[PDB]
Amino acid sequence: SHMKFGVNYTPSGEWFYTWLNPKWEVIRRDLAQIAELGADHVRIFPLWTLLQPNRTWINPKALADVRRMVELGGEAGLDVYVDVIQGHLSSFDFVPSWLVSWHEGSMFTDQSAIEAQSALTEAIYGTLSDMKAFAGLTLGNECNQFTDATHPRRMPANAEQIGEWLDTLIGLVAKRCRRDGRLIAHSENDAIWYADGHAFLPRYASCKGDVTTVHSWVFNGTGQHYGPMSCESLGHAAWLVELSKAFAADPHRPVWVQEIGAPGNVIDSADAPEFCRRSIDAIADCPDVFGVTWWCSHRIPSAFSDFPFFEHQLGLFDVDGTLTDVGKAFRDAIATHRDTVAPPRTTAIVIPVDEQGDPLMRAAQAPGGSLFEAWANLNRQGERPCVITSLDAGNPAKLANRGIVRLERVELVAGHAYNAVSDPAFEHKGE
(Lines of atoms letter the chains of each structure in order from A and count residues from 1; the text may use other names and numbers.)
(Lines give C-alpha, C1' and ligand atoms only; values in the text may rest on other atoms or scores of the structure.)
Protein backbone atom coordinates (compact mmCIF):
# COMPACT_ATOMS: atom_id res chain seq x y z
CA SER A 1 0.00 0.00 0.00
CA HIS A 2 1.06 3.59 -0.76
CA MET A 3 0.38 6.65 1.38
CA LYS A 4 -1.82 9.56 0.40
CA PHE A 5 -0.38 13.03 0.96
CA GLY A 6 -2.59 16.01 1.66
CA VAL A 7 -2.97 19.30 3.47
CA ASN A 8 -5.41 20.62 6.06
CA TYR A 9 -6.83 23.65 4.27
CA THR A 10 -6.79 26.97 6.12
CA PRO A 11 -8.07 29.63 3.67
CA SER A 12 -5.56 32.38 2.95
CA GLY A 13 -6.41 35.94 3.85
CA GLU A 14 -9.49 35.29 5.98
CA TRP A 15 -8.85 31.89 7.66
CA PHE A 16 -12.09 30.09 8.57
CA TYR A 17 -13.78 33.50 8.84
CA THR A 18 -13.93 33.34 5.04
CA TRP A 19 -17.07 31.16 5.30
CA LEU A 20 -19.00 34.35 6.05
CA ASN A 21 -18.31 35.57 2.49
CA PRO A 22 -15.94 33.24 0.61
CA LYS A 23 -13.64 34.87 -1.95
CA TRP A 24 -13.86 32.09 -4.50
CA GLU A 25 -11.05 33.35 -6.75
CA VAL A 26 -8.67 33.35 -3.77
CA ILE A 27 -9.89 29.91 -2.69
CA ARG A 28 -9.32 28.70 -6.26
CA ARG A 29 -5.72 29.96 -6.08
CA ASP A 30 -5.25 28.40 -2.62
CA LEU A 31 -6.25 24.94 -3.87
CA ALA A 32 -4.16 25.16 -7.04
CA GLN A 33 -1.13 26.03 -4.88
CA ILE A 34 -1.80 22.94 -2.75
CA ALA A 35 -2.17 20.70 -5.81
CA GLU A 36 1.13 22.04 -7.18
CA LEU A 37 2.89 20.64 -4.09
CA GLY A 38 2.01 17.17 -5.36
CA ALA A 39 -0.76 16.76 -2.78
CA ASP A 40 -3.61 14.46 -3.73
CA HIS A 41 -6.15 15.65 -1.14
CA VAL A 42 -7.26 18.41 1.22
CA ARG A 43 -9.25 18.36 4.45
CA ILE A 44 -11.73 21.23 4.87
CA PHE A 45 -13.60 22.69 7.84
CA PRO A 46 -17.02 24.35 7.69
CA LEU A 47 -18.25 26.04 10.87
CA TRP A 48 -21.12 24.53 12.89
CA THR A 49 -22.36 27.98 13.94
CA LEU A 50 -22.97 28.87 10.28
CA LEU A 51 -24.22 25.45 9.13
CA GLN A 52 -26.83 24.92 11.85
CA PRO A 53 -27.77 28.18 13.59
CA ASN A 54 -31.00 26.61 14.84
CA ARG A 55 -31.40 23.06 16.10
CA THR A 56 -33.93 22.38 13.33
CA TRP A 57 -32.70 24.60 10.50
CA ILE A 58 -29.60 23.94 8.43
CA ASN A 59 -28.62 26.99 6.37
CA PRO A 60 -28.78 26.09 2.64
CA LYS A 61 -26.26 28.80 1.74
CA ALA A 62 -23.71 27.30 4.15
CA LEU A 63 -24.27 23.88 2.55
CA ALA A 64 -23.91 25.36 -0.95
CA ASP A 65 -20.65 27.05 0.07
CA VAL A 66 -19.26 23.71 1.27
CA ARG A 67 -20.28 22.22 -2.08
CA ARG A 68 -18.55 25.05 -3.93
CA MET A 69 -15.33 24.51 -1.99
CA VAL A 70 -15.42 20.78 -2.79
CA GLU A 71 -16.09 21.62 -6.44
CA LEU A 72 -13.03 23.88 -6.58
CA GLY A 73 -10.91 21.22 -4.90
CA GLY A 74 -11.83 18.78 -7.66
CA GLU A 75 -11.08 21.37 -10.33
CA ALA A 76 -7.60 21.68 -8.80
CA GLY A 77 -7.17 17.90 -9.06
CA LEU A 78 -7.70 17.21 -5.34
CA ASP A 79 -9.82 14.78 -3.41
CA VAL A 80 -11.69 16.62 -0.65
CA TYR A 81 -12.36 15.29 2.86
CA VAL A 82 -14.92 17.25 4.88
CA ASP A 83 -15.08 17.51 8.68
CA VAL A 84 -18.73 17.92 9.60
CA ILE A 85 -18.77 19.48 13.10
CA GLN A 86 -16.45 22.36 14.06
CA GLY A 87 -16.80 22.49 16.85
CA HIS A 88 -13.13 23.03 17.66
CA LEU A 89 -10.38 24.72 15.62
CA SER A 90 -6.99 26.17 16.61
CA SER A 91 -7.88 26.80 20.32
CA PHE A 92 -11.35 28.26 19.55
CA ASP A 93 -14.80 26.71 20.02
CA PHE A 94 -17.62 27.32 17.53
CA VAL A 95 -20.81 26.12 19.24
CA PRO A 96 -24.26 27.22 17.97
CA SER A 97 -26.33 29.47 20.22
CA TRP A 98 -28.84 26.66 20.85
CA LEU A 99 -26.17 24.71 22.76
CA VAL A 100 -24.63 27.47 24.95
CA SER A 101 -25.39 29.31 28.23
CA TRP A 102 -29.19 29.47 28.60
CA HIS A 103 -29.31 26.48 26.21
CA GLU A 104 -26.18 24.75 27.52
CA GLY A 105 -26.11 21.05 26.75
CA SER A 106 -23.92 18.12 25.80
CA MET A 107 -23.67 17.22 22.12
CA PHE A 108 -22.87 13.67 23.28
CA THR A 109 -25.90 12.93 25.49
CA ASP A 110 -28.71 15.38 24.70
CA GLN A 111 -30.98 13.38 22.40
CA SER A 112 -32.35 16.41 20.55
CA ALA A 113 -28.78 17.63 19.96
CA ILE A 114 -27.80 14.16 18.70
CA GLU A 115 -30.71 14.29 16.26
CA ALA A 116 -29.49 17.69 15.07
CA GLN A 117 -25.95 16.39 14.50
CA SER A 118 -27.53 13.45 12.67
CA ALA A 119 -29.49 15.81 10.40
CA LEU A 120 -26.31 17.81 9.75
CA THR A 121 -24.23 14.72 8.91
CA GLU A 122 -26.97 13.58 6.51
CA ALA A 123 -27.30 17.05 4.98
CA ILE A 124 -23.55 17.37 4.37
CA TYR A 125 -23.30 13.91 2.80
CA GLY A 126 -26.43 14.38 0.71
CA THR A 127 -25.34 17.82 -0.48
CA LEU A 128 -21.96 16.45 -1.60
CA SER A 129 -22.92 12.93 -2.65
CA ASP A 130 -22.99 13.61 -6.43
CA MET A 131 -19.49 15.16 -6.44
CA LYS A 132 -16.61 13.15 -7.91
CA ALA A 133 -14.15 15.05 -5.70
CA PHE A 134 -15.98 14.36 -2.42
CA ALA A 135 -13.82 11.63 -0.89
CA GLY A 136 -15.27 11.16 2.58
CA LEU A 137 -16.06 12.81 5.84
CA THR A 138 -14.92 12.92 9.45
CA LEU A 139 -17.57 13.57 12.11
CA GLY A 140 -15.66 16.62 13.29
CA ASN A 141 -12.26 17.86 14.37
CA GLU A 142 -11.17 16.58 17.80
CA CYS A 143 -14.74 16.61 19.14
CA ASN A 144 -13.59 14.70 22.23
CA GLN A 145 -12.01 17.92 23.55
CA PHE A 146 -15.52 19.07 24.50
CA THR A 147 -16.03 16.21 26.99
CA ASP A 148 -12.58 16.13 28.60
CA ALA A 149 -12.32 17.18 32.25
CA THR A 150 -9.94 19.97 31.17
CA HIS A 151 -12.57 21.77 29.06
CA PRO A 152 -13.82 25.03 30.67
CA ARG A 153 -17.42 24.44 29.46
CA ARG A 154 -17.40 20.65 29.54
CA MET A 155 -20.10 18.64 27.79
CA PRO A 156 -20.53 15.59 30.05
CA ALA A 157 -20.57 11.98 28.86
CA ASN A 158 -19.49 8.57 30.07
CA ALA A 159 -17.66 6.08 27.84
CA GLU A 160 -20.82 4.15 26.97
CA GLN A 161 -22.55 7.35 25.85
CA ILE A 162 -19.56 8.33 23.69
CA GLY A 163 -19.74 4.93 22.01
CA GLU A 164 -23.43 5.45 21.27
CA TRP A 165 -22.68 8.93 19.90
CA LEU A 166 -20.04 7.55 17.53
CA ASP A 167 -22.20 4.57 16.52
CA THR A 168 -25.22 6.80 15.85
CA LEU A 169 -23.52 9.37 13.64
CA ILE A 170 -21.22 6.95 11.80
CA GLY A 171 -24.09 4.52 11.24
CA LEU A 172 -26.08 7.16 9.38
CA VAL A 173 -23.68 7.16 6.43
CA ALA A 174 -21.46 4.08 6.77
CA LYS A 175 -23.39 1.94 4.27
CA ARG A 176 -23.73 4.82 1.80
CA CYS A 177 -19.99 5.48 2.10
CA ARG A 178 -19.27 1.79 1.53
CA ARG A 179 -21.50 1.68 -1.58
CA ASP A 180 -20.25 5.01 -2.96
CA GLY A 181 -16.53 4.44 -2.50
CA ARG A 182 -16.10 7.04 0.23
CA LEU A 183 -14.74 7.12 3.75
CA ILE A 184 -16.40 7.75 7.13
CA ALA A 185 -14.15 8.48 10.11
CA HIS A 186 -14.07 10.30 13.42
CA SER A 187 -11.31 12.37 15.00
CA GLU A 188 -10.05 12.76 18.56
CA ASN A 189 -7.09 14.68 19.91
CA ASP A 190 -4.44 12.64 21.71
CA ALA A 191 -6.32 12.56 25.04
CA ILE A 192 -7.89 9.35 23.68
CA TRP A 193 -4.43 7.75 23.75
CA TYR A 194 -2.98 9.52 26.77
CA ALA A 195 -5.56 10.80 29.31
CA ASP A 196 -6.69 8.41 32.06
CA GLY A 197 -10.42 8.59 32.71
CA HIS A 198 -11.16 10.14 29.30
CA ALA A 199 -14.55 9.06 27.97
CA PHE A 200 -13.27 8.41 24.43
CA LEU A 201 -11.46 5.03 24.48
CA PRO A 202 -8.57 3.93 22.21
CA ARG A 203 -10.60 1.11 20.64
CA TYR A 204 -13.15 3.69 19.46
CA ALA A 205 -10.60 5.29 17.15
CA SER A 206 -9.17 1.93 16.07
CA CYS A 207 -12.48 0.08 15.47
CA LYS A 208 -15.19 2.66 14.63
CA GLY A 209 -15.13 4.36 11.25
CA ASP A 210 -13.21 3.09 8.23
CA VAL A 211 -9.69 4.26 9.18
CA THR A 212 -7.99 5.29 12.40
CA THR A 213 -7.18 9.00 12.62
CA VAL A 214 -4.36 10.40 14.74
CA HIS A 215 -3.30 14.04 15.19
CA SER A 216 0.40 14.28 16.12
CA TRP A 217 1.47 17.44 17.99
CA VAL A 218 4.76 17.39 19.91
CA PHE A 219 3.83 20.43 21.96
CA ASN A 220 1.97 17.81 24.06
CA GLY A 221 5.04 17.47 26.31
CA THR A 222 7.04 15.25 23.95
CA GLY A 223 9.16 18.01 22.42
CA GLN A 224 9.53 19.79 25.75
CA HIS A 225 10.56 16.68 27.69
CA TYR A 226 12.79 14.88 25.17
CA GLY A 227 13.82 17.76 22.89
CA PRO A 228 12.18 18.99 19.68
CA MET A 229 14.54 17.05 17.39
CA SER A 230 14.86 13.95 19.60
CA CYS A 231 13.90 10.50 18.36
CA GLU A 232 10.88 10.63 20.68
CA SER A 233 9.72 13.85 19.03
CA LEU A 234 10.61 12.96 15.43
CA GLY A 235 9.05 9.52 15.84
CA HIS A 236 5.94 10.72 17.70
CA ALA A 237 3.63 10.43 14.69
CA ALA A 238 4.86 6.91 13.92
CA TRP A 239 4.38 6.07 17.61
CA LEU A 240 0.73 7.12 17.41
CA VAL A 241 0.32 4.99 14.27
CA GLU A 242 1.76 1.87 15.89
CA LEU A 243 0.11 2.48 19.27
CA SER A 244 -3.32 2.79 17.64
CA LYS A 245 -2.98 -0.59 15.92
CA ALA A 246 -2.87 -2.42 19.27
CA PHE A 247 -6.53 -1.50 19.77
CA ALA A 248 -7.72 -2.35 16.24
CA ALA A 249 -9.72 -5.52 15.66
CA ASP A 250 -8.64 -5.47 12.00
CA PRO A 251 -4.97 -6.51 11.68
CA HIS A 252 -4.42 -4.29 8.61
CA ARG A 253 -6.76 -1.40 9.28
CA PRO A 254 -5.28 1.78 7.75
CA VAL A 255 -4.06 4.59 9.99
CA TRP A 256 -4.50 8.18 8.81
CA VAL A 257 -2.02 10.72 10.16
CA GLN A 258 -4.75 13.29 9.66
CA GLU A 259 -2.79 16.11 11.28
CA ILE A 260 0.91 16.67 11.73
CA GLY A 261 2.69 20.01 11.99
CA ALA A 262 5.97 21.51 13.19
CA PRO A 263 4.78 23.80 16.00
CA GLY A 264 7.06 26.77 16.64
CA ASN A 265 6.41 26.79 20.37
CA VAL A 266 8.72 23.76 20.71
CA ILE A 267 10.49 23.36 17.34
CA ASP A 268 12.77 26.15 16.17
CA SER A 269 11.48 27.52 12.87
CA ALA A 270 14.87 26.77 11.31
CA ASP A 271 14.39 23.09 12.25
CA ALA A 272 10.80 22.79 11.02
CA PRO A 273 11.77 21.61 7.48
CA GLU A 274 13.91 18.84 8.97
CA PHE A 275 11.20 17.98 11.49
CA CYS A 276 8.77 17.64 8.59
CA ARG A 277 11.09 15.48 6.50
CA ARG A 278 12.22 13.16 9.30
CA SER A 279 8.78 12.77 10.90
CA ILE A 280 7.47 11.55 7.54
CA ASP A 281 10.48 9.23 7.14
CA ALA A 282 9.40 7.58 10.40
CA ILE A 283 5.73 7.43 9.38
CA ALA A 284 6.66 5.84 6.04
CA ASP A 285 8.36 2.96 7.92
CA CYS A 286 4.99 1.99 9.49
CA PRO A 287 2.83 -0.36 7.39
CA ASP A 288 -0.77 0.39 6.43
CA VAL A 289 -0.51 4.18 6.70
CA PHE A 290 -3.55 5.59 4.92
CA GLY A 291 -1.94 8.98 4.42
CA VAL A 292 -0.23 12.05 5.85
CA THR A 293 -2.13 15.35 5.96
CA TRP A 294 -0.01 18.35 6.93
CA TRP A 295 -1.23 21.15 9.20
CA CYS A 296 -1.63 23.51 7.53
CA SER A 297 -1.90 25.08 4.06
CA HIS A 298 -1.60 28.81 4.75
CA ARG A 299 -0.24 31.08 7.45
CA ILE A 300 -2.77 32.92 9.59
CA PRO A 301 -2.71 36.68 8.82
CA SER A 302 -1.02 38.70 11.55
CA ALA A 303 -4.08 40.98 11.68
CA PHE A 304 -5.96 38.21 13.52
CA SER A 305 -5.48 38.06 17.29
CA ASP A 306 -5.69 35.57 20.19
CA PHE A 307 -4.11 32.65 18.36
CA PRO A 308 -1.17 30.97 20.07
CA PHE A 309 1.63 32.79 18.29
CA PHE A 310 3.08 29.61 16.77
CA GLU A 311 -0.24 28.94 15.00
CA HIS A 312 0.39 31.86 12.65
CA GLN A 313 3.54 30.19 11.28
CA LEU A 314 2.24 26.64 10.64
CA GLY A 315 1.44 27.22 6.95
CA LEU A 316 3.10 25.66 3.92
CA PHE A 317 2.33 28.93 2.09
CA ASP A 318 2.61 32.45 3.49
CA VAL A 319 -0.40 34.78 3.45
CA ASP A 320 0.24 35.83 -0.18
CA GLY A 321 0.67 32.27 -1.50
CA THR A 322 4.48 32.06 -1.48
CA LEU A 323 5.92 28.64 -0.63
CA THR A 324 7.61 28.48 2.79
CA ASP A 325 10.64 26.38 3.67
CA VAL A 326 8.40 23.83 5.40
CA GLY A 327 6.28 23.79 2.24
CA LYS A 328 9.40 22.90 0.26
CA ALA A 329 10.14 20.13 2.75
CA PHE A 330 6.62 18.71 2.49
CA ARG A 331 6.73 18.90 -1.31
CA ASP A 332 10.04 17.02 -1.21
CA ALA A 333 8.74 14.47 1.32
CA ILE A 334 5.81 13.68 -0.99
CA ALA A 335 8.21 13.08 -3.89
CA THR A 336 10.43 10.94 -1.64
CA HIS A 337 7.77 8.60 -0.23
CA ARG A 338 5.32 8.33 -3.15
CA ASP A 339 6.06 4.57 -3.44
CA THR A 340 7.60 3.73 -0.04
CA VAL A 341 6.37 0.38 1.30
CA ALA A 342 7.13 -0.38 4.94
CA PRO A 343 8.11 -3.97 5.79
CA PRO A 344 6.18 -5.71 8.59
CA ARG A 345 7.00 -4.89 12.20
CA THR A 346 7.65 -8.10 14.10
CA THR A 347 8.65 -7.13 17.67
CA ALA A 348 5.70 -5.93 19.76
CA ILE A 349 5.52 -4.28 23.16
CA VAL A 350 2.51 -5.41 25.18
CA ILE A 351 -0.03 -2.99 26.66
CA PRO A 352 -1.88 -4.38 29.71
CA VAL A 353 -5.62 -3.96 29.12
CA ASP A 354 -8.80 -4.87 30.96
CA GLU A 355 -11.44 -7.38 29.84
CA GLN A 356 -12.89 -4.77 27.45
CA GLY A 357 -9.56 -4.12 25.73
CA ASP A 358 -9.08 -0.73 27.38
CA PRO A 359 -5.75 0.33 28.91
CA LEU A 360 -5.27 -0.21 32.62
CA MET A 361 -3.31 3.08 32.67
CA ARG A 362 -3.25 5.41 29.67
CA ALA A 363 -0.65 7.60 31.40
CA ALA A 364 1.87 4.78 30.88
CA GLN A 365 1.60 5.17 27.09
CA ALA A 366 1.77 9.00 27.29
CA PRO A 367 5.03 10.96 26.96
CA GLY A 368 7.27 9.99 29.86
CA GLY A 369 5.43 6.70 30.43
CA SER A 370 6.99 3.24 30.48
CA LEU A 371 5.16 2.03 27.36
CA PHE A 372 5.91 5.27 25.51
CA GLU A 373 9.60 4.92 26.35
CA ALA A 374 9.75 1.15 25.77
CA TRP A 375 8.61 1.79 22.19
CA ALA A 376 10.91 4.79 21.74
CA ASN A 377 13.88 2.77 23.01
CA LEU A 378 13.29 -0.11 20.60
CA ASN A 379 12.76 2.30 17.70
CA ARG A 380 15.99 4.06 18.67
CA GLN A 381 17.73 0.65 18.63
CA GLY A 382 16.50 -0.10 15.10
CA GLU A 383 14.08 -2.82 16.25
CA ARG A 384 11.11 -1.20 14.46
CA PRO A 385 8.59 -2.10 17.19
CA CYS A 386 4.84 -2.49 16.90
CA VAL A 387 2.30 -2.61 19.75
CA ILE A 388 -0.29 -5.17 20.92
CA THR A 389 -2.53 -5.59 23.94
CA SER A 390 -2.19 -8.31 26.55
CA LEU A 391 -5.41 -9.87 25.24
CA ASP A 392 -3.98 -10.30 21.74
CA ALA A 393 -0.68 -11.49 23.24
CA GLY A 394 -2.50 -14.76 23.94
CA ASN A 395 -4.12 -15.17 20.51
CA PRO A 396 -1.79 -16.73 17.91
CA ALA A 397 -4.33 -16.14 15.14
CA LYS A 398 -3.97 -12.37 15.58
CA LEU A 399 -0.21 -12.59 16.18
CA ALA A 400 0.34 -14.64 13.02
CA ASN A 401 -2.02 -12.28 11.17
CA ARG A 402 0.33 -9.40 12.03
CA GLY A 403 3.58 -11.34 11.66
CA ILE A 404 4.63 -10.78 15.27
CA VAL A 405 7.43 -13.10 16.37
CA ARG A 406 8.82 -11.34 19.47
CA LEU A 407 7.01 -9.89 22.50
CA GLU A 408 8.30 -7.43 25.10
CA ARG A 409 6.50 -7.00 28.42
CA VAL A 410 6.57 -3.70 30.30
CA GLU A 411 5.06 -2.66 33.62
CA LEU A 412 2.76 0.37 33.90
CA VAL A 413 4.19 3.64 35.25
CA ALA A 414 2.69 7.05 34.56
CA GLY A 415 4.63 9.69 32.74
CA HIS A 416 4.15 13.28 33.83
CA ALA A 417 5.36 15.14 30.72
CA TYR A 418 1.96 15.09 28.96
CA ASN A 419 0.21 18.47 28.87
CA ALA A 420 -3.36 18.44 27.53
CA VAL A 421 -3.12 22.01 26.13
CA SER A 422 -1.02 23.80 23.52
CA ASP A 423 -0.55 27.18 25.26
CA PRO A 424 0.07 28.01 28.93
CA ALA A 425 -2.85 30.47 28.69
CA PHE A 426 -5.29 27.52 28.46
CA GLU A 427 -4.12 25.60 31.54
CA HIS A 428 -5.92 25.04 34.87
CA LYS A 429 -9.27 25.78 33.20
CA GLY A 430 -11.35 22.75 34.20
CA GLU A 431 -14.58 23.46 36.05
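For every residue, the number given is its place in the sequence shown, counted from 1.
- Set 323-331 against 208-216 and average the Cα temperature factors; 323-331 ends up higher.
- Looking at 197-205 and 332-340 together, the entry lists the larger mean B-factor for 332-340, computed on C-alpha atoms.
- Highest C-alpha temperature factor among 231, 289, 124, 316 per the entry: 231.
- Among 78, 270, 248, 128, the highest C-alpha B-factor in the deposited entry belongs to 270.
- Ranked against the other modelled residues of its chain, the C-alpha B-factor of residue 187 as given in the entry falls in the lowest third.
- Remark: residue 110 belongs to the middle third of its chain, ranked by C-alpha B-factor as recorded.
- The deposited CA B-factor of residue 418 belongs to the highest third of values across its chain.
- Residue 171: CA B factor in the lowest third of modelled residues in this chain (values from the PDB entry).
- Residue 67: CA B factor lies in the lowest third for its chain, per the PDB record.
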